[PDB]
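J.:
Number of protein chains: 2
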Amino acid sequence: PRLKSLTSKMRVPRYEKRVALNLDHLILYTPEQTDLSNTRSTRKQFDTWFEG
Amino acid sequence: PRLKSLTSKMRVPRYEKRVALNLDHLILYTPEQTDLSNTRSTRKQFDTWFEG
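Here the protein sequences line up with chains A and B, keeping their order. Counted the way the authors' numbering counts, the first sequence spans residues 66 to 117. Counted the way the authors' numbering counts, the second sequence spans residues 66 to 117.
Rendered as C-alpha cells:
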C-alpha cells in the first residue's frame with residue numbers, strides 16, 4: 066500500500082466544472098529558493114555586466 | 066419516535082399574521098462557507114481573467 070501527496074478531490078478553482086487547473090504533473094519542480102527571488106537579479110544582467 | 070430540527074411555533078417575523086416567511090423547506094442548503102464570502106471573488110471574474 067502506497068500513494069502520492071497531491072490529490073484531485075481537493076477544493077480547487079474551476080474555469081468551468083470539469084476543468085482542473087493546477088495540473089498535477091508538478092511533482093518535480095523545486096529549484097533553489099533564492100534563485101527565484103527578486104532580491105537576486107537575473108542571469109542576463111549578470112552577463113551584461115561581465116561583458117560591459 | 067423521531068422529529069425534525071426546525072419548527073413553526075417559533076417566534077418569527079410576520080408580514081401579516083398567518084404568513085410565515087422563512088419557509089421551512091430550507092433543510093438542504095449548506096454550500097462551502099468560503100465559497101459564499103466576499104473575501105473570495107466570483108466565478109465570472111475568474112473566467113474573464115482566464116480569458117483576457
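Even for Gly, the Cβ is constructed at its ideal location relative to N, Cα and C.
1) Beta carbons nearer than 9 Å to chain B: which residues of the segment 66–96 of chain A have them?
2) Looking at the C-beta of residue 78/A, does it have a partner C-beta in chain E at a distance below 8 Å?
3) In this structure, does DSSP put residue 109/A in helix, strand or coil?
4) For residue 71/A, does the three-state DSSP call read helix, strand or coil?
5) Cβ atoms of residue 99/A and residue 108/A: under 8 Å apart, would you say?
T.: Short version:
1) 76, 78, 79, 80, 81, 86
2) Absent from the structure: chain E. Protein chains present are A and B.
3) Stepping through the first sequence from its first residue, residue 109/A is reached at position 44. Three-state DSSP puts residue 109/A in a helix.
4) As a position in the first sequence, residue 71/A is number 6, starting the count at 1. Coil.
5) For this step, residue 108/A is matched to residue 43 along the first sequence. For this step, residue 99/A is matched to residue 34 along the first sequence. Going by C-beta atoms, residue 108/A is not nearer than 8 Å to residue 99/A.
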